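K.L.:
This is the structure I want to talk about, given as structure tokens.
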Amino acid sequence: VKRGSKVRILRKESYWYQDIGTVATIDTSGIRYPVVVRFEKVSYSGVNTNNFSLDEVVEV
Amino acid sequence: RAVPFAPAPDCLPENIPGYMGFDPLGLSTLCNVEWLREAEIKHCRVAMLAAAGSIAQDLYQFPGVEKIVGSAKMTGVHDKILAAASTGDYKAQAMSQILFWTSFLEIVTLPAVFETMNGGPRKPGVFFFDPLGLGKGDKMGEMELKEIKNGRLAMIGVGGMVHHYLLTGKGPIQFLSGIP
Amino acid sequence: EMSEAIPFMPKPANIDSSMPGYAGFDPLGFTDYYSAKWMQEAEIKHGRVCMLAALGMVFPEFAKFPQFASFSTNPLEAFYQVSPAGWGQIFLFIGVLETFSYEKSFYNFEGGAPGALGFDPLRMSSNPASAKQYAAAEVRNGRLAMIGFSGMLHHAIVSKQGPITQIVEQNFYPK
Amino acid sequence: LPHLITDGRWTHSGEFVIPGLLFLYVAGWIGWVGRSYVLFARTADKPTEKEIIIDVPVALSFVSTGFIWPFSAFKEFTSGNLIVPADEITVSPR
Amino acid sequence: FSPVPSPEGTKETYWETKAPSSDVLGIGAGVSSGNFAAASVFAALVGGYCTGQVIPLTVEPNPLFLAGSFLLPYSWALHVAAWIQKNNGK
Ligand code: CLA
Ligand code: CLA
Ligand code: CLA
Ligand code: CLA
Ligand code: KC2
Ligand SMILES: CC1=C(C#C/C(C)=C/C=C/C(C)=C/C=C/C=C(C)/C=C/C=C(\C)C#CC2=C(C)C[C@@H](O)CC2(C)C)C(C)(C)C[C@H](O)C1
Ligand SMILES: CC1=C(C#C/C(C)=C/C=C/C(C)=C/C=C/C=C(C)/C=C/C=C(\C)C#CC2=C(C)C[C@@H](O)CC2(C)C)C(C)(C)C[C@H](O)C1
Ligand SMILES: CC1=C(C#C/C(C)=C/C=C/C(C)=C/C=C/C=C(C)/C=C/C=C(C)/C=C/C2=C(C)CCCC2(C)C)C(C)(C)C[C@H](O)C1
């Protein structure tokens, strides 16, 4: 993906699983979860952002 | 083509025996041709027995049937025989025996129709019943289409013989003899 | 593109001019959510059933069958008169015919033209140009028959007589 | 005491069938109008402020539209805008 | 969690085709589709006749008509087997 694109989450235990976020940044290091995704809904913890991978994020 | 006005259906094979191409309503398309042929041949044989039975019944009667049957009857005979069978007479159980034996033959010839429909080696209508061997032996004659022509005549002929005696009390020989 | 039937409304995408009775009349988009072919097959099937039924109301009036001469001319009365056993025979005949349609849908739905069960004994419509007229006529007469049967049925309820008989007595108004 | 017959017979439709038709017309109106406002409020600058401070002119524009809710809602359904597909709905992992 | 036993002669019957494999017919796996179809009609007619003959049930019913009445439900299973065999080319 690329920064600013809209993505559908595929991590089955995510609060936003099968919901749409927008990509904030993508790390280039050896990070396990390099895609930072922000959402408009808050989770049950009141967090509205999370880190993911590339197999659990699909552009829409 | 019997009628040039109405064409013969393509599904009907020209090669198959007894084909005059008379299918004006094209009923061959609706049903399987092999099954239709078998139904025709079976209908012709049953009809042929029925029509001769009508003529023979008037001319000759087996001994003692005269008491159990009215003197002149056709379908009335069937009803009369059944009436005595339902009554409980031992002697008039002819209908059950005819029904039983024809049914048994039909039951044991049942796989033949399905087997031919699956492309089996036997053709429709040939049960290989030629003990004498004279009629169908070797090359044979026009008897193969003779059966079909006589059978078709028998079908309509039975229809005529049965329909007469429904409106009249006259039997086949009697109605032919005197016409009013 | 706009619909021919309703000028101000647009043309529904799923229906097309090739379809036999096309007029562009789909104000609610049934075809949008449901396969065009299935709806076409349903329309023709309903039309055939109604076509037969609509003739069925008028025909006994002119001449009933000899066995059923006693049976009432009024269609609704006739329904109850028929034996349960007789309806069972009719249901079996319809079921035997419907086995062919059962195979055509589900097993071989994608291929063929809608409403085609292979019933062309007279071999009419072999030529494509002739076929186009025959198909269009079938769909249109089935549509008229559907409206006509619904009319005949509700009007038989109000006045208990066959349609020909109702014309004779002119009891056309609620009263 | 009067008893109500509710099996569907037409000689008694004024006890359940017709009050029921009136109810379903009003209830479907309320549902259609509320749904139209939640979809409007999603496209707002602050969608959650539109639900505790209601935009009264727009909400009145919506309450007037409900009189033809059966046709609007069925056309909404067949045009693929009433029902969302199963893969845009968050579900439990199971 | 441990191997689940099945009787000897257990075979795989899961199917995703048009018709199930003929093995689902058990001892009738080799019977033709025509033979099931004719048995289907025969059992339906004989079963319906025998059932009809004893619809007003008495304290003395004919046992052959009772036993013959069980041919009606058996005919349903017969025409299902006829469809399975016709769609397996038998
Ligand atoms: C569909 C055919 C049919 C039916 C339902 C009947 C039914 C009846 N007939 Mg009639 N009948 C028939 C054909 C038929 N017949 C034929 C073909 C003839 C000979 C030309 C007769 C001659 C006849 C006489 C003379 C009498 C009857 C009588 C009767 C009644 C008593 C049964 C009896 O004695 O029959 C007897 C019938 C026969 C002996 C004919 C059997 C002919 C067989 C079938 C020829 C078989 C040839 C071939 C070798 C078979 C091939 C087998 C293959 C299929 C495997 C009964 C209502 C009696 C009655 O009460 O009448 C008033 C009576 O007296 N029938
Ligand atoms: C006009 C009658 C007629 C004719 C010409 C045929 C002809 C044929 N049949 Mg068919 N068939 C008929 C009637 C007829 N059948 C009837 C009524 C039955 C039922 C009993 C059958 C049952 C039958 C079977 C089961 C089979 C045939 C087969 C055959 C073929 C080969 C055997 C042969 O040469 O038979 C020649 C037959 C005749 C010449 C019939 C002669 C009958 C006599 C001469 C006249 C009728 C007498 C009658 C009893 C009444 C007398 C008069 C009465 C009014 C007083 C041949 C094409 C076989 C076949 O196709 O495969 C090889 C076969 O498997 N047929
Ligand atoms: C949906 C259609 C439908 C239904 C439910 C009924 C139902 C009824 N009809 Mg009516 N009828 C119909 C159509 C229908 N009919 C049509 C189209 C005709 C004109 C032929 C008639 C003519 C008619 C008469 C004359 C009589 C009835 C009667 C009756 C009652 C008893 C059953 C009976 O005899 O039906 C008969 C129904 C038919 C014969 C229609 C069968 C049409 C089949 C299903 C399709 C055939 C298509 C086509 C011909 C295929 C040809 C193939 C080609 C190769 C040749 C029953 C209430 C009887 C009654 O009690 O009167 C009140 C009565 O006497 N009907
Ligand atoms: C107009 C908005 C709206 C709509 C279209 C729906 C639609 C639905 N609800 Mg929901 N619901 C809503 C508001 C709404 N609800 C609110 C505010 C609450 C909190 C009380 C609930 C609580 C609720 C529960 C607990 C359940 C549903 C269920 C359902 C479904 C079946 C219908 C039903 O049971 O109604 C039931 C409706 C209620 C119990 C409460 C409704 C209260 C009012 C009347 C509706 C709100 C009006 C709103 C203020 C509109 C203002 C518009 C204006 C600003 C223009 C359907 C998906 C059921 C379901 O999932 O079944 C599949 C179910 O179990 N809903
Ligand atoms: C529907 C089926 C049916 C068939 C398949 C059929 C076939 C044949 C054949 C074919 C083999 C011949 C050769 C033949 C000959 C005659 N038929 Mg015919 N016929 C059928 C039906 C009726 C009816 C309903 C009547 C009738 C008549 C006559 C008379 C007139 C004699 C007379 O005027 O008395 C003669 C000569 C009338 C009659 O019986 O008068 C009492 C009359 O009622 N038929 N018929
Ligand atoms: C197969 C074969 C074998 C066999 C065999 C058999 C049993 C062969 C039998 C063949 C038969 C029985 C043929 C009979 C045909 C009857 C006809 C055409 C009647 C038409 C009536 C009409 C037109 C009429 C009429 C009218 C009159 C008179 C009366 C009025 O009231 C009515 C009406 C006006 C309509 C054998 C055993 C040889 C072995 C061989 O190896 C294979
Ligand atoms: C398929 C096939 C072929 C075929 C075939 C066949 C048999 C086709 C059959 C076609 C049929 C039966 C068509 C019948 C249409 C009836 C209509 C349109 C009635 C409308 C009634 C109205 C408008 C009304 C009304 C009423 C109103 C509402 C108020 C009332 O108070 C009075 C009133 C009565 C006036 C064949 C066999 C040739 C072979 C070929 O190879 C293929
Ligand atoms: C014992 C029993 C019963 C029974 C019974 C029976 C035996 C009933 C049999 C009934 C039959 C055979 C009826 C058929 C009648 C019409 C026919 C044959 C027309 C043929 C010609 C046509 C269509 C045209 C042909 C043609 C011609 C003109 C030339 C051109 C070409 C073509 C168009 C082909 C009962 C009912 C009595 C009751 C009783 O309790 C028990």
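Chain labels A, B, ... are given in the sequence in which chains occur in the structure tokens; within each chain residues are numbered consecutively from 1, and ligands are likewise numbered from 1 in the order shown.
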Show me which residues sit within 9 Å of ligand 1 when counting only C-alpha atoms and all ligand atoms, and put them as a ChimeraX atom specification.

P.N.:
/B:45-66,68-82,92-95,98-99,102,105,127,129

K.L.:
Taking only C-alpha atoms into account, which residues of chain D are within 8 Å of chain C, as a list in words?

P.N.:
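Only these qualify: residues 74, 75, 78, 79 and 80 of chain D.
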
K.L.:
So which residues touch segment 38-42 of chain C within 9 Å, counting only C-alpha atoms, skipping near sequence neighbours fewer than 6 positions away, as a PyMOL selection string?

P.N.:
chain C and resi 19+30-31+105+109+113-116

K.L.:
Convert the current residue selection to file output with C-alpha atoms, as a PDB file, in the first residue's frame.

P.N.:
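Dumped to out06.pdb:
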```pdb
ATOM      1  CA  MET C  19     -35.603  -9.512 -25.028  1.00  0.00           C
ATOM      2  CA  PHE C  30     -36.373  -6.008 -10.054  1.00  0.00           C
ATOM      3  CA  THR C  31     -33.936  -6.983 -12.805  1.00  0.00           C
ATOM      4  CA  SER C 105     -33.321 -24.307 -14.703  1.00  0.00           C
ATOM      5  CA  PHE C 109     -29.815 -22.416 -16.868  1.00  0.00           C
ATOM      6  CA  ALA C 113     -33.424 -18.965 -24.651  1.00  0.00           C
ATOM      7  CA  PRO C 114     -35.836 -18.245 -21.758  1.00  0.00           C
ATOM      8  CA  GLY C 115     -38.951 -20.396 -21.758  1.00  0.00           C
ATOM      9  CA  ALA C 116     -37.539 -22.993 -24.170  1.00  0.00           C
TER      10      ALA C 116
END
```

K.L.:
To check your reading of the model: which residues sit at most 9 Å from ligand 7 when counting only C-alpha atoms and all ligand atoms? Write the answer as a PyMOL selection string.

P.N.:
(chain B and resi 25-26) or (chain C and resi 47-58+119-125+138+140-156+159+162-164+166-167+170-173)

K.L.:
Give me every helix (DSSP H, G or I) residue in segment 16-61 of chain D, going by DSSP on the backbone, as a PyMOL selection string.

P.N.:
chain D and resi 17-42+49-52+56-61

K.L.:
Atom 12 (C, counted along the ligand's line) of ligand 4 to atom CA of residue 33 of chain D: how many Å, to one decimal?

P.N.:
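For atom 12 (C, counted along the ligand's line) of ligand 4 relative to atom CA of residue 33 of chain D, the distance reads 12.2 Å.
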
K.L.:
Select the residues contacting ligand 4 at a distance of at most 12 Å, based on only C-alpha atoms and all ligand atoms, then format the selection as a ChimeraX atom specification.

P.N.:
/D:24,26-41,50-66,73,82-83

K.L.:
Put those residues in a file: C-alpha atoms, as an mmCIF file, in the first residue's frame.

P.N.:
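part13.cif written:
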```cif
data_model
loop_
_atom_site.group_PDB
_atom_site.id
_atom_site.type_symbol
_atom_site.label_atom_id
_atom_site.label_comp_id
_atom_site.auth_asym_id
_atom_site.auth_seq_id
_atom_site.Cartn_x
_atom_site.Cartn_y
_atom_site.Cartn_z
ATOM 1 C CA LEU D 24 -46.729 -0.747 9.812
ATOM 2 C CA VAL D 26 -46.278 4.620 10.584
ATOM 3 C CA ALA D 27 -43.457 2.395 11.890
ATOM 4 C CA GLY D 28 -41.855 2.013 8.478
ATOM 5 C CA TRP D 29 -42.112 5.785 8.092
ATOM 6 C CA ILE D 30 -40.262 6.352 11.383
ATOM 7 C CA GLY D 31 -37.621 3.779 10.479
ATOM 8 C CA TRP D 32 -37.086 5.131 6.952
ATOM 9 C CA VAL D 33 -36.793 8.710 8.220
ATOM 10 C CA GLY D 34 -34.390 7.803 11.028
ATOM 11 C CA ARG D 35 -32.253 5.778 8.631
ATOM 12 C CA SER D 36 -32.122 8.680 6.169
ATOM 13 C CA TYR D 37 -30.913 10.990 8.914
ATOM 14 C CA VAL D 38 -28.174 8.610 10.162
ATOM 15 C CA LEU D 39 -26.859 8.302 6.614
ATOM 16 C CA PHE D 40 -26.903 12.091 6.249
ATOM 17 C CA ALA D 41 -25.126 12.546 9.575
ATOM 18 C CA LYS D 50 -25.276 15.801 14.471
ATOM 19 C CA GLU D 51 -26.797 13.117 16.685
ATOM 20 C CA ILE D 52 -26.784 14.996 19.989
ATOM 21 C CA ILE D 53 -27.490 18.355 18.309
ATOM 22 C CA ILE D 54 -29.938 17.526 15.536
ATOM 23 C CA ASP D 55 -29.934 19.611 12.385
ATOM 24 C CA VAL D 56 -33.632 20.413 12.658
ATOM 25 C CA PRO D 57 -34.241 21.793 9.090
ATOM 26 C CA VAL D 58 -32.618 18.743 7.512
ATOM 27 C CA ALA D 59 -34.344 16.350 9.903
ATOM 28 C CA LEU D 60 -37.688 17.948 8.966
ATOM 29 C CA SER D 61 -36.833 17.520 5.294
ATOM 30 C CA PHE D 62 -36.417 13.860 6.142
ATOM 31 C CA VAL D 63 -39.611 13.457 8.218
ATOM 32 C CA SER D 64 -41.616 14.740 5.277
ATOM 33 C CA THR D 65 -40.134 12.083 2.925
ATOM 34 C CA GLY D 66 -41.486 9.117 4.841
ATOM 35 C CA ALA D 73 -37.235 1.535 0.564
ATOM 36 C CA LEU D 82 -30.246 -0.971 1.605
ATOM 37 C CA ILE D 83 -28.278 -4.158 2.306
#
```
